[PDB]
Amino acid sequence: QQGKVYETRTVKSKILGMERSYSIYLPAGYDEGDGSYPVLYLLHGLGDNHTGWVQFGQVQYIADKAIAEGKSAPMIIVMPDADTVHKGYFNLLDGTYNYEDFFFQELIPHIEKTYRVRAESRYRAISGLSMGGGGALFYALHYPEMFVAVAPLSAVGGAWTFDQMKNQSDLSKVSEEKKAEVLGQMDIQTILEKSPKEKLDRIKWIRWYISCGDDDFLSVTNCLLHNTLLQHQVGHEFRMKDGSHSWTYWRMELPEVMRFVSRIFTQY
Amino acid sequence: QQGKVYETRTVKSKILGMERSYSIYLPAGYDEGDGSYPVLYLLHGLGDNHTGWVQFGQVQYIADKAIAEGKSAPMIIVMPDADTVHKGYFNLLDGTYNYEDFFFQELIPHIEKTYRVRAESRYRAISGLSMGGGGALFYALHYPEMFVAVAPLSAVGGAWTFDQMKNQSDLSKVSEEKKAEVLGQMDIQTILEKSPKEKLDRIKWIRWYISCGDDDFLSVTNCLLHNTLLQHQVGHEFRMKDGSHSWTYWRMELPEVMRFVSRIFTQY
Amino acid sequence: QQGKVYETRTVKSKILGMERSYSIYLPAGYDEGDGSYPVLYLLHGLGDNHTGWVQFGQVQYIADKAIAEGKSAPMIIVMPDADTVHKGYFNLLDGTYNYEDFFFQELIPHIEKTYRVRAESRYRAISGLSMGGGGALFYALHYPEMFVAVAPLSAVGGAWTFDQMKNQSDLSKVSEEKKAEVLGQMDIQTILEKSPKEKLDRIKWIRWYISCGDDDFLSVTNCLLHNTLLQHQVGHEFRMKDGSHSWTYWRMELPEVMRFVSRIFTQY
Amino acid sequence: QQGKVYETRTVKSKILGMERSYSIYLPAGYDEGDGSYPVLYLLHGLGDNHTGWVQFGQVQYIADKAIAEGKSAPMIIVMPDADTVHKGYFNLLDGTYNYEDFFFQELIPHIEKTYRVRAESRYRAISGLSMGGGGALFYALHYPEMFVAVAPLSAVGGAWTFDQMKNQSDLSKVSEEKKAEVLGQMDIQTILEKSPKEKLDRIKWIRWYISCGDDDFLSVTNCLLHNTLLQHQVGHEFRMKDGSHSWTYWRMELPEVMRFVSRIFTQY
Amino acid sequence: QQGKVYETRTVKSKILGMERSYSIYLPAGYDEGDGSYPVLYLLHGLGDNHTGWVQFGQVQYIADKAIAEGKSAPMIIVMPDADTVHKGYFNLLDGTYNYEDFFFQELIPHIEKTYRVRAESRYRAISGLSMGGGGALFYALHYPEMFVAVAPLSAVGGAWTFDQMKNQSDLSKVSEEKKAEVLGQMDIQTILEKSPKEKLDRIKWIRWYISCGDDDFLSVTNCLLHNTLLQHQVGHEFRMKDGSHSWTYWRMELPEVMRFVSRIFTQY
Amino acid sequence: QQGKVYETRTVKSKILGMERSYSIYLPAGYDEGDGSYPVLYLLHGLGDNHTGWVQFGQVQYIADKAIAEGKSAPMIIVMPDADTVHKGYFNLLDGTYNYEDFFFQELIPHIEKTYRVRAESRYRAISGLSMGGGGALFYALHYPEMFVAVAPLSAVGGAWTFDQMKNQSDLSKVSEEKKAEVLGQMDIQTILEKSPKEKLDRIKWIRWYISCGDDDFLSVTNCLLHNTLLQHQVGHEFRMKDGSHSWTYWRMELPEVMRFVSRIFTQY
Amino acid sequence: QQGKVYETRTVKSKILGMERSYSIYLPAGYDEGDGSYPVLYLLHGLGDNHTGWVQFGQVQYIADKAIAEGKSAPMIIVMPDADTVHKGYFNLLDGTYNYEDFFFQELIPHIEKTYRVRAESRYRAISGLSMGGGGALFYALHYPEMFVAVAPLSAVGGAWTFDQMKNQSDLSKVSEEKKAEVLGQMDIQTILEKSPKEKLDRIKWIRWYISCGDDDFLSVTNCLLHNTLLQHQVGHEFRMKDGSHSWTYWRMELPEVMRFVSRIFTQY
Ligand SMILES: [Ca+2]
Ligand SMILES: [Ca+2]
Ligand SMILES: [Ca+2]
Ligand SMILES: [Ca+2]
Ligand SMILES: [Ca+2]
Ligand SMILES: [Ca+2]
Ligand SMILES: [Ca+2]
């Protein structure tokens, strides 16, 4: 019936030189039997940390119910802290805070070693809201081989994300050639047009679920994303539902994201 | 519990020089008491006529159910024939077929004369699919004083509508200046930028519900419409749901349109 | 299961020198058998007429449902037109428009002659919203012998009502002595303190149901009314519920009003 | 809501030189409004007549329920008598009984003249059981332009049908060259291989629903039919469900046939 | 009430010279009381292993629900790994990998020794999908004394299975006479024609449940199988349902298989 | 959803020299369409007449519900008066009151002429309670060609029935040979042993449903009947349920009788 | 809430000189609190042992459900093994196997000492099927002081049981007279005619529930038993329901037996 949440566990990060927090939801029956589970990485927005999806997202109640009713197969849900020290998901421009490196090289392997996780891309999905929606989006565009399904909710765009990366970096140490390089790596149109074919094929292979409310200040950004993806022949699910930039919207979408990635995990 | 549909009645049109067909749904209990009802005009797509919303849209079953369940207040639904002689909702460029004039100067007054109708704009809404979605959209942008609520479904755009008008007109008799004027009258950007303030204010006052499936070949057109409307401060409901350019989508949306306009008719 | 509404019938009023509109709801099965029914008079607000409770209040659907479910006993509901010529329920100060006289001396006797009505005060109730809530309130304070139950919803007070009467009157024909007399007749404090015992006893005998939303601009007025009635030992039901000055509130309260007066009509 | 059945009406047949019986189901509300309906022709098996689908098939109860529940859109159901004089659906070899000619040249036009029928192939379907399943199958292969959807239930094959045509004919008048001609016209393999592309395209365009119980003595025949159709690239729905050659099976399949053809009539 | 799954246990195989994986479902309450259970052996398709029916088949959720609802009696479900080293269920022709020997001589005795199993054929069933459907089919035809119930889902035929056996064998070491011997043992018609009466009676005694979707590329194979079994007087349940070669089909069929074999386990 | 009952109609009997009463239930929708219905003859017990199954049996409510719910197909139910003048179903020994002759030669033809009845034995059933259970039983044993289904409820035996016939006859005119002849005609053992093969075969073909409460004083009689029928290879349904000789029992069994005969009427 | 079953426990029998098997169902919540429970002894048929009611009867699921739903009060269910060494419930005629002595002198006291059992006859019931129905019947006729309620299901008679005893006894050592004496002890008529008043009163005091399917080859035996009991004024519940000599019948009757004996255990 009931899964459980741990909020206080940390990962020893060599890349960030500190203990990094995360929250984790383990499904009901994790403690019986010996099997392993697929994983959904679930990213918070600006101003929250790893407790955001727990306290505001109510992940425990919502995941318990979805799994118990059969709307979702059992899965582990990992909620990283991208708030402490610096807020955001990507490597800072001054080289002092390689958060994206930490996520892929330390957090994911730590989860797969510490919990009974099916450690394959076909069993790995990522979702997030606002800042975390852009995090999910560009994580998958940068490393499409690492995910089978991606669900950006009310996602911020690349220009906002890049602007936030600059405002947290010491730009005295950043060359102008470097600013231009990342700028392109944080631009959807550039990634889709200039990536090698192998990378583009994998991006098309990913199952995308993009959802944003019609009253959200990001509704135009996400409509432009829909159009850009179709222009580049990246099939995806797109939803514009009634709602705003609010936790009412994100709690409504969480069981939909769970059903979406679960069907991909189990096949159909 | 059951309304009824008349498919075979006609209006004598002086503007078009002929009897013109329409279908009409009368709600349950229209035949008892003496009261009047608000009206939803419901427009078909290319290749269908006034029987399209009856046979494919299943308006009778769907409207009966929504009203009986209290999801919609009772209303009359009028489905014009915009297929016979020429296909489309607008005045042809050669002056020989003024369908939009017919709709406003003859069809609406005929309905209000023949049936127990609340003959005010606050009780008049319009909706349609595909070609009829473009019909509903531009009818309201042309005559916003005539409608309180507008629901374009999977709507075609102005350029397609204008091109389809051209292929039905005698262009040997059409001046080059005439093409340029009507092109602007069928372009949303031009209407929103060049209309007098009284018309723009009324366009902003109208309650808009714009819905299109994410797999529709028109999904990009309707995302651009959402963006243009917000760019001009025209608030509206926007929905992009799962679905394609199909009667599954349009039958799904019909009770949503009925709930939407009913709430405006009854106030809330 | 379904009652019916007539909107187009009139009373020939000698007092107002014209045919006066009303709407009337007749319960299901009024047309079978020969029996008679109690009556709820249901008053509209400023700017609406006798169609307001029909189109916005959805009286037919709401009354049909309440009676069919047994939440209310069958009753006739009469909705007068207090909008045409002058807006409001009371005699104008210049003597040219004695609407209150019309209501009691012409409308009520016309209803009781024309329909199968139990024509006794124990079977007569009155309710209304906003301007009509003040109408119901002061109709009952003026003629407490005529009603068994009174339900002012989101009601305006006496000072607002009197100001309205003045702005529609030719005050060149009004003495200041008359202004003083009518203002006192439109002040609840004055009525309760200067009424004879027989009249005050009848006011206390009436069953009052006073309801107003907490977000309504009239919430303070109605809280003050609650305190004044208790201060004068006039027992009553008082409700302050979530809601505003809206048809959502008044449609929510209509079946509560029907249940309230029905229990009084049937005894319990 | 209840439709109704007429069992005693006839069509004057010049081709057969007699009054010919049929039963017809008219949907609920056929008597209200003026609209027209699509038609399902529903054929009986050997030994029954036009009353078989009424009394054993319980068409009235089953169709009423399917339509009232929204599982099927409203439709007219016509059940011909192919039992009186000679049993079977096809022209006898001695030229004395051209039943197939009667069905297409007299029965269908009579129905479309007498009832409010949408008289187009897109609104015409045919289904039947046992002998009538072979009837539906070969009517559609002979005249594929006449049907949009075909549903043979527990259908006999061509060899059985042709053998019965032989046993009902006076072969003293039949040449051997004619027997070979009809034999090919009643063989699915010959029709699919020898039809011109225009006819074959229409056969492939038809929506087929072929269903047979796994305990039916005809299960092998219908499995071979499935294999033959796929080998000629005729897409179709095939169902082999638990059950035998019984009215339990056919009453179970009737609402499935209704939903199947209804979806085609309304589009989706 | 939740059962549990162990995925990581193994049986030490002398025949295969290695530890061999399997997954096992134990029903709710296996850990209370001391009783024993019947067993369903459940085989995966090509490219999956013992985790396929766990992760994609969702065996734990589906079995929990079927048993808790009383659709199935409690049973143990064993999912062998027929993927590691070599893919497939049968003894390779070069003598290097006797998987079928392993299954009957080592896996089944290990299960009956290790778990509380009713170790009799009346309590032993086998089912599988695709490659595993052919495995279940020919396992029972080779050793019909070992099973009371057999359920091939979307099963490959003997020619496909034998061809896969050749492609995994070192054919440089295989005699042409041996190639002929195995081929006859992997062809359904030969077994039914060449088995002694004792063996054929047991094949007829087994309760067979054969199910395949009508859109599966194996639908023709399975229709031919249905016809072959009836030609040999082997009664069986045959289902051709809507569906494709997909996990939607196999998850739909799993509770049906459980109910089918459970009724045989419990008698009725 | 509503059938109706006529209690006051009569059939003019030449055989009995009087107008004879019956009650008849006509199913819902009898008055729409033109079709015909099967018939259940339903016989009362001692001391009641043709109103017994109406007032005590509540035939209208019970039949309406069974038919509306689909537990029974629509049917006509005929309830004869076998109480007026003499009580009982059989020809009196003195030749003065040939009630059985009346039932078969006058009542059945009158019903088939007067109502829209399918006038064949396959559409004719008979049931009854107590005295009428013996009536149904021996009517069918005497004339098995007239019924397809027979349902004796709490039935009296032949010895009781014969004794009642004697006590109502003037035995002064009856020979001892005549008493012996009728005794044998009213003895189930004699009927089953001595009826010709054709009669006995038809008795075995009839579908029998025999039901009696375990607390009924007739429970022994009906257990002996079950045993006698099996001894003579007359297959039948037998029910001994909790209950007594009461209208609670017969109202419980009426919808079971309707479902039993309905399945026979419609086939399955 | 689930009870549990032990299948592997044994009673140390000095009478039979060996460990004797039984199964036992303990109700949900047996492990909470310290109270005691009534007991139903539940006997298997010929060829099964103490696992029959567990595996085929599904006693755990059925008892769990009946108790959880409040259809039965909690009770312990004991299922003896009457199959090992010799099949049957009674003392063999050669004196070498006194199974009835074992049941009463060893099994019942063992159950009452080992489990929390209300060890009084008012809390002791017995039921069984086929051979075990005859076991329950004659156990109670032999020792009526030991049971408050007895439920023979599809019961064999005394002549069959006695014949079963002879075919297992060493007839070379068995005298003709002892053969006659036990024959009378296994004949219902003899027991009922020759028992003293004290014993007959207790047999009449027992609450009997006798049930058998109408298609069972033992239906005649049980109808004769019903008649014999009534002939001797032994009131009892008798049921003849649709069904055969099958586990469908016995699983259907098990919760009815539980409800029946539970009401007697709890009083009403
Ligand atoms: Ca919105
Ligand atoms: Ca989509
Ligand atoms: Ca509030
Ligand atoms: Ca079958
Ligand atoms: Ca299909
Ligand atoms: Ca009883
Ligand atoms: Ca039976």
Side-chain angles (χ1 to χ4, degrees), chain B residues 32-36 116 118, chain C residues 3-27 30-31 35-57 59-60 63 74-92 94-121 123-140 142-143 145-151 161 164-165 168-169 261:
Chain B
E32 291 193 359
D34 67 9
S36 293
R116 298 201 316 276
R118 301 205 195 280
Chain C
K4 59 186 172 179
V5 170
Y6 296 112
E7 299 179 15
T8 74
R9 300 176 175 187
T10 63
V11 185
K12 180 177 148 55
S13 169
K14 292 185 184 182
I15 287 172
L16 302 180
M18 63 183 286
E19 300 285 331
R20 285 305 294 200
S21 284
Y22 65 94
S23 294
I24 185 166
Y25 170 85
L26 301 171
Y30 181 85
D31 295 307
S36 293
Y37 298 86
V39 177
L40 170 65
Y41 294 87
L42 189 57
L43 311 191
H44 61 74
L46 180 66
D48 298 339
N49 66 12
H50 59 296
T51 64
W53 271 107
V54 176
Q55 179 61 67
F56 316 133
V59 66
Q60 186 178 334
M75 71 182 67
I76 292 169
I77 304 174
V78 175
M79 295 148 280
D81 169 14
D83 179 72
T84 310
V85 185
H86 289 111
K87 312 190 190 298
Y89 290 96
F90 299 93
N91 300 340
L92 293 192
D94 55 20
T96 67
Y97 189 78
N98 292 318
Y99 192 90
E100 191 182 37
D101 295 358
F102 151 78
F103 181 88
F104 285 99
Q105 300 174 29
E106 291 180 318
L107 179 59
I108 287 177
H110 169 84
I111 293 299
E112 297 175 343
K113 178 184 81 167
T114 305
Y115 302 94
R116 299 201 315 275
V117 165
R118 302 205 196 280
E120 313 176 47
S121 298
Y123 302 123
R124 194 180 297 114
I126 187 164
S127 179
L129 70 97
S130 196
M131 178 183 82
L137 173 61
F138 283 93
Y139 275 11
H142 290 166
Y143 298 96
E145 67 278 4
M146 290 297 290
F147 307 101
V148 73
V150 181
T161 301
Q164 180 181 3
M165 306 174 33
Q168 299 201 133
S169 307
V261 308

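Letters go in sequence order (proteins before strands), and every chain restarts at 1.
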Does any non-hydrogen side-chain atom of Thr161(C) lie less than 4.5 Å from one of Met131(C)? no

Within the 4.5 Å heavy-atom criterion, are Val11(C) and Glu19(C) side-chain neighbours or not? no

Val150(C) and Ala136(C): which non-hydrogen atoms are nearest, and at how many Å? CG1-O, 3.6 Å

Side-chain (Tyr22(C)) to main-chain (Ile111(C)) donor-acceptor, under 3.5 angstrom: no

Evaluate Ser36(C) against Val117(C) for side chain to side chain contact (heavy atoms under 4.5 Å, CB included), listing each step before the verdict. CA-CA 5 Å; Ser36(C) 293; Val117(C) 165; 5.8 Å; no

Within the 4.5 Å heavy-atom criterion, are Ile76(C) and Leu26(C) side-chain neighbours or not? yes

State, with a plain yes or no, whether a side-chain heavy atom of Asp48(C) is found less than 4.5 Å away from one of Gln55(C). no

Side-chain heavy atoms of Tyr41(C) within contact of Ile108(C), under 4.5 Å: yes

Interatomic distance, CG@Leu43(C) vs OG@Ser130(C), rounded to 0.5 Å, equals 11.5 Å

Can you confirm if the NZ or CZ of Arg118(C) lies within 45° of the ring axis of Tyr37(C) and under 6.0 Å from the centre of its six-membered ring? no

Working to the nearest 0.5 angstrom, can you tell me the gap between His50(C) NE2 and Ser21(C) OG? 4.0 Å

Who passes side-chain hydrogen bond (donor to acceptor under 3.5 Å, both in side chains) against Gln164(C), sequence neighbours left out? none

Supply the atom-to-atom distance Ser13(C) OG to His110(C) NE2, rounded to the nearest 0.5 angstrom. 11.0 Å

Taking atom OG1 of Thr8(C) and atom CG of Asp34(B), what is their separation to the nearest 0.5 Å? 3.5 Å

Test your reading of the model: is there a side-chain donor-acceptor pair from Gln60(C) to the backbone of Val54(C), 3.5 Å cut-off? no

Answer yes if the ring centres of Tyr25(C) and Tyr6(C) are under 6.0 angstrom apart, and no otherwise. no

Strictly below 4.0 Å, N to O, side chains only: are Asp31(C) and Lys4(C) in salt-bridge contact? yes

So, for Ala151(C) and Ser127(C), which heavy atoms are closest and what is the spacing to 0.1 Å? O-OG, 2.6 Å

Measuring from atom OH of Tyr97(C) to atom CZ of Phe102(C), what distance do you get when rounded to the nearest 0.5 angstrom? 7.5 Å

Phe90(C) ring center within less than 6.0 Å of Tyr99(C) ring center: no

4.5 Å side-chain heavy-atom contact, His44(C) and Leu129(C): no

State whether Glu112(C) and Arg124(C) are salt-bridged, where the test is any N-O pair (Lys NZ or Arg NE/NH1/NH2 against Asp/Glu carboxylate O) under 4.0 Å. yes

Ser121(C) (side chain) donor-acceptor with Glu145(C) (main chain) under 3.5 angstrom: yes

Evaluate the side-chain proximity of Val39(C) to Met75(C): yes if any heavy-atom separation is below 4.5 Å, no if none is. no

Does a donor on one side chain and an acceptor on the other come within less than 3.5 Å for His142(C) and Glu100(C)? yes

Once you round to the nearest 0.5 Å, how far does NZ of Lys14(C) lie from CG of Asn98(C)? 15.5 Å

Looking at every heavy atom in both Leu16(C) and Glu106(C), which two are closest together, and how far apart are they? N-OE1, 4.4 Å

Do the two ring centres, one from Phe103(C) and one from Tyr139(C), sit under 6.0 Å apart? yes

Anything under 30° is parallel, anything over 60° is perpendicular, the rest tilted; go ahead and classify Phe104(C) against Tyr143(C). tilted

Is a donor on one side and an acceptor on the other found under 3.5 Å between the side chain of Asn91(C) and the backbone of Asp101(C)? yes

Mind jotting down which residue pairs meet the salt bridge (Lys or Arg N to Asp or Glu O under 4.0 Å) criterion with at least one end in residues 75-91 of chain C? Sequence neighbours excluded, please. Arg20(C)-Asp81(C), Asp83(C)-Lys87(C)

